[PDB]
Structure formats: structure tokens, C-alpha cells
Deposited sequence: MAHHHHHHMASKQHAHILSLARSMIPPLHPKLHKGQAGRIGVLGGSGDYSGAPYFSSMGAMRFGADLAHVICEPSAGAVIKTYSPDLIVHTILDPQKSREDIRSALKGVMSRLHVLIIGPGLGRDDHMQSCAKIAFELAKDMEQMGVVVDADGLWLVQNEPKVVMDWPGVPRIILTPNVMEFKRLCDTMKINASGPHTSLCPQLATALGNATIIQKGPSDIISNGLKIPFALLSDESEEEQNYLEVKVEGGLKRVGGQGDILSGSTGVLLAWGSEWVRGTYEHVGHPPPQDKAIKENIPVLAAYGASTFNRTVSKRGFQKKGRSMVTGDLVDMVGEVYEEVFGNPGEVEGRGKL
């Protein structure tokens, strides 16, 4: 009842972020997404995140990685632009300037897929956090060992200028580690842990992944989204996912999260006004693009896993899901948005 209406309503708000597929748009206005990771042996995760982003709808996806992983990742798909610029044989200044060059061409950077924990790649991720901080129109999604960096240096996400534009996606153990760093007591009510952590991290948006996902930026969900009672300060996605717990499904999530974050950010900026999607009136929607991107992506990713599991069952691997992103996008966003009168979504 209430839960179904609220879920549909918030999903509808997420759908409102999506630019129409319109003759007047040119290459790049539907999203330029970067994935920073791919160290050493970790080839699959940055592919899943970046190719997931392309199948979800990005015009361009960039992978920023080390040379060895980069050579593998390029063979998976000619549609990815793979920058092997995190070469430990390069000076730090050269890496910083190479990273700045690529990042200046991005709406959103996903930090973490296949990043690993060694000093070099962690330092490269820290550089990227620092550049993103000072690029006010840059969104950031943090996953995998990107979250290890936050756990070690939480200030990398704290006190950013501009609108809020960070989404963290910890699994159960990554979340517990984050809470321990921020001295958040685990005896708290289960649904209060995520808003506490988000608050302690300067109201970044956090997707706490699990049997259900708990989403929060630490603030109450404004009237535009969620009587005499205050609106909840978290959202819980319980939509049916898949039953096969094969590795990589969080990378589909980060890639699709990054795309929705880029679209919603460009939407609020006014980029889609000339194709009939002007920014929203309500300041609360502008301030909550990360929560809407997060809620939409969480919902979508479980639906992708559900459909992949219906097709493949016990045999499902995450590579299968990359091929199903398009049809599930059409189910969740494209066909509903078009029937809603939003244009070809």
C-alpha cells in the first residue's frame, strides 16, 4: 500500500532525471562516465561498471587504469575508451596531469572497481578525489577499494564545495568498517546506522547493499519525495533481486548509479531544458539528485539481477547481466517514461 505508492513515486522522480533521446542532443550530452580502477590482476570489475554504464545509456565510458589490466579490458569491448595512465613507472605529477586531462571530460567518476589496496593505486584514487573535489560539476560514485580509501582517510569526502554529488556503495562488511572508522555504535537501530554514517561523512549519499538496500544522505527525505510526523531519513529498496550471488553485481550498480547521477546533475544544470526537460522547480529535488540516482540504480540493479537469474538460474554470471541491462532499462525506465509523456527515454 503506502510502501508501493512511495516506491513508485520515488522511482517516478528518478525517471524525471532522464534526458529524452532527442534529435537536438549531440554526442556526450547523455553522459561521459569514467571508471577509475583496474590494477594488477583485477580486470572484470572495471569492465562491468563501465560497460554497464554504456548499456544503461552513457554516450562515452572511460576506464582509467594500469597498463596490464588496461590491455585486457580493451579486448572486452571496442566501445570503451581505456586510459592506461596509472602507470607506476610514471611520475606523480605526470599522473596528476594525465588524470586531470581525462577527468575534465567527465560528468561522473566511479572510483574503486578493481582498484585494489596497494599504495600506488590508493594514491591515484586520492589524487582523483582531490581533483573531483575542486571540479564543482563532477559527480563521484565510490565502490570496492575506493571505500577502503575513505575508511582510511574519510576527509577525502568531507567539505566539498558545490551541490552534494557523492554516492558510496558499501556492502555489509565495507559498511561495518566505515561505521567503525566514524565511531558509529553498532547497537543502534538497524535503519538508523546508514543515516548516521552519511551524516558523519558530511551527508554523502550511501547505498548500504544487502538483502534489501538502505539508502540515506543523513537528512530527512523532503516532502517532494517521501503528517505531524517527520519524513523518514532513509529509504529501503526491497524489490525482488536475483538469487545467484555471483561476484560483480555491485559493479553493474555503480555503473548505472553513475549514469543516473550524471543525467540528474545535467538536468538540474539546465542542459535538457531546450529538449523539453527543464530543471525541477523544487529545491529539494535539486539537493537530492544523489539520493534519487541511488534509489533508481538500486531498484534497477536488483531488477537486472532478477531478470538475469530468471534466464540463467544457477549458471548466471555477471557478464550475462551486461547484455541484459538494455532490456531491463526499457522495462524500468524507458517504456514507463515514454508512456508518462516524458519523450523517448
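What the model leaves out of the deposited chain are the segments 1 to 7, 234 to 235.
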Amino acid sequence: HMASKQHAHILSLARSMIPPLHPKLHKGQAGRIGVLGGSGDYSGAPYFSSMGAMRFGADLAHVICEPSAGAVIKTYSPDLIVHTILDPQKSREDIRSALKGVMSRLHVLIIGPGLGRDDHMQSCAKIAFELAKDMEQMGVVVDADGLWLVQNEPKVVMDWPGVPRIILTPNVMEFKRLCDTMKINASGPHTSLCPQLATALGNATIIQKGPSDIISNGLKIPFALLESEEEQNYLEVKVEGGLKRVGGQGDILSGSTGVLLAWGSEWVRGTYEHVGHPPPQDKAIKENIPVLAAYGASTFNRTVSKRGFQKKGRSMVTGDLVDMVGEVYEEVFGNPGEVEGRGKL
From here on, numbers count along this sequence of modelled residues.
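Comparing 124 to 132 with 252 to 260, the higher mean C-alpha B-factor in the PDB entry belongs to 124 to 132.
A summary of the deposited B-factors shows that, of 84 to 92 and 99 to 107, the stretch with the larger mean C-alpha value is 84 to 92. Taking only the listed residues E230, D143, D79, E240, the entry reports the highest CA temperature factor at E230.
Each of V72, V163, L235, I206 has a CA temperature factor in the record; the biggest one is found at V163. In the PDB entry, a CA B factor belonging to the highest third of its chain's modelled residues is recorded for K283.
Per the PDB record, residue ranking by Cα B-factor puts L168 in the lowest third of the chain. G31: CA B factor lies in the middle third for its chain, per the PDB record. In this PDB entry, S68 carries a Cα temperature factor that places it within the highest third of its chain's modelled residues. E174 sits in the highest third of its chain by CA B factor, as recorded in the PDB entry.
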